[PDB]
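sharing an experimental structure here, sequence included.
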Amino acid sequence: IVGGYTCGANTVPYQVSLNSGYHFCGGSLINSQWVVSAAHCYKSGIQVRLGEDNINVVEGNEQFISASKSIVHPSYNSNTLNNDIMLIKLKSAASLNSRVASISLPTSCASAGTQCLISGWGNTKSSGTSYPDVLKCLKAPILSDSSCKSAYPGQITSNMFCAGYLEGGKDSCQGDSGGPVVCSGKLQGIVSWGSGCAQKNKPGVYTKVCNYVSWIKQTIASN
Ligand SMILES: N=C(N)c1ccc(CNC(=O)[C@@H]2CCCN2C(=O)CNC2CCCCC2)cc1
Ligand SMILES: [Ca+2]
């Protein structure tokens with residue numbers, strides 16, 4: 001997160017860190033046994049870390065649970081990042097509490113101008129690299145269709161939206177991938193891609209979760 005702020009410990013209780021001996025992606029807890037992340041975050045050997053603030057210190061409140069299943073959308077395209085969504089089933093259910101909590105799926109898509117909360121342990125610099133220990137947050141609005149497509153012509157599918165700031169300075173970034181975009185208490189986006197980070201006229205691009213609510217429920221119900 002570039003241009004954001006320290007969230008505060010466990011203020012984003014649905015935020016998870018995906019770990020492979022290091023933090024490599026974010027995710028969102030949507031019930032005690034399932035996480036939503038980016039298909040481009042797929043790999044073997046995923047450990048889900050819930051309840052985290054400082055990812056480099058065992059502080060209390062952490063739950064480390066191995067992934068049992070990682071289900072990449074069958075129509076994911078690694079070139080266009082269309083359908084950049086993955087469901088991870090935990091080997092055991094998490095213990096839900098004030099610091100480890102699920103986030104609701106949307107009942108409808110969000111509209112342009114809606115303010116949302118984006119969070120993660122990704123890069124905090126727009127030119128170079130600095131990775132934080134504690135969770136970072138950013139308030140960011142959803143952009144209009146036309147503005148999104150003007151920023152990224154021929155690259156925005158119906159399964160993507162733009163959010164952020166055309167003036168630069170405030171954005172998600174590498175390491176935030178798979179993490180939440182939450183708007184009015186609903187999980188509307190997944191950190192997916194962009195051109196650079198926090199660059200002028202190049203806002204972030206997010207997986208449009210409202211298009212996958214039925215896929216998610218059907219897939220979880222059958223697994
Ligand atoms: N909101 C941002 N600006 C942002 C950007 C990137 C990421 C992480 N996602 C990624 O890195 C995804 C994986 C496949 C390649 N990809 C990219 O985003 C491609 N980024 C380049 C495209 C051409 C212009 C230079 C930058 C997360 C957020
Ligand atoms: Ca910790």
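Happy to help now that I have it. Numbers count the residues shown, from 1 in each chain. Ligands and ions are numbered 1, 2, ... in the order given.

only C-alpha atoms for contact and neighbour calcs from this point on.
Will do.

what about the spatially most central residue of the chain, distance to ligand 2?
In the chain, the centroid-proximal residue (C-alpha atoms, centre = their mean) is residue 179; its distance is 1.6 Å. Separation of residue 179 from ligand 2 (C-alpha to the ion, to the nearest Å) stands at 17 Å.

show me how far whichever helix in the chain runs longest is from its chain's centre.
The residue-count maximum for a helix in the chain (DSSP state H) belongs to helix 213-221. Distance of helix 213-221 from the chain centroid (C-alpha atoms, centre = their mean, to the nearest Å) equals 18 Å.

that helix: which residues count as buried?
Using 16 or more other C-alpha atoms under 10 Å as the test for burial, helix 213-221 gives 213, 216.

same check, this time on stretch 2-19
By neighbour count on 16+ other C-alpha under 10 Å, the buried set for stretch 2-19 is 2-4, 7, 10, 12-19.

now, which of those sits nearest ligand 1?
Taking C-alpha to the nearest ligand atom as the measure, residue 2 is the one of those closest to ligand 1, at 9.1 Å.

OK, contacts around the closest one?
By C-alpha atoms under 8 Å, 6 or more residues apart in numbering, the contact list for residue 2 reads 123, 124, 125, 126, 169, 170, 171, 172, 173, 197, 198.

can I get the residues you listed in CSV with neighbour count?
Formatted as CSV, the contacts of residue 2 follow (neighbours: other C-alpha atoms under 10 Å):
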residue, neighbour count
123, 22
124, 27
125, 20
126, 20
169, 16
170, 25
171, 33
172, 37
173, 25
197, 24
198, 27
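
and the furthest pair within those?
Maximum pairwise distance in the contacts of residue 2, criterion C-alpha to C-alpha, is 12.7 Å, between 123 and 169.

wait, does stretch 95-107 make contact with ligand 2?
No. Stretch 95-107 does not reach ligand 2 (C-alpha under 5 Å from the ion); its nearest approach is 12.2 Å.

format the CA atom coordinates belonging to that stretch as CSV.
Once non-C-alpha atoms are left out, stretch 95-107 reads as follows in CSV (Å, rounded to 0.1, in the frame of the first residue of the first chain):
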residue,chain,number,x,y,z
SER,A,95,-11.6,-19.9,15.5
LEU,A,96,-13.7,-16.7,14.8
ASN,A,97,-13.3,-13.9,17.3
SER,A,98,-13.1,-10.1,17.3
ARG,A,99,-9.6,-10.3,15.7
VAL,A,100,-10.4,-13.1,13.2
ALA,A,101,-13.6,-12.4,11.4
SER,A,102,-15.3,-13.1,8.1
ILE,A,103,-16.3,-10.4,5.6
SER,A,104,-19.6,-10.4,3.8
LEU,A,105,-19.9,-11.0,0.0
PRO,A,106,-21.9,-8.4,-1.8
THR,A,107,-25.6,-8.5,-2.7
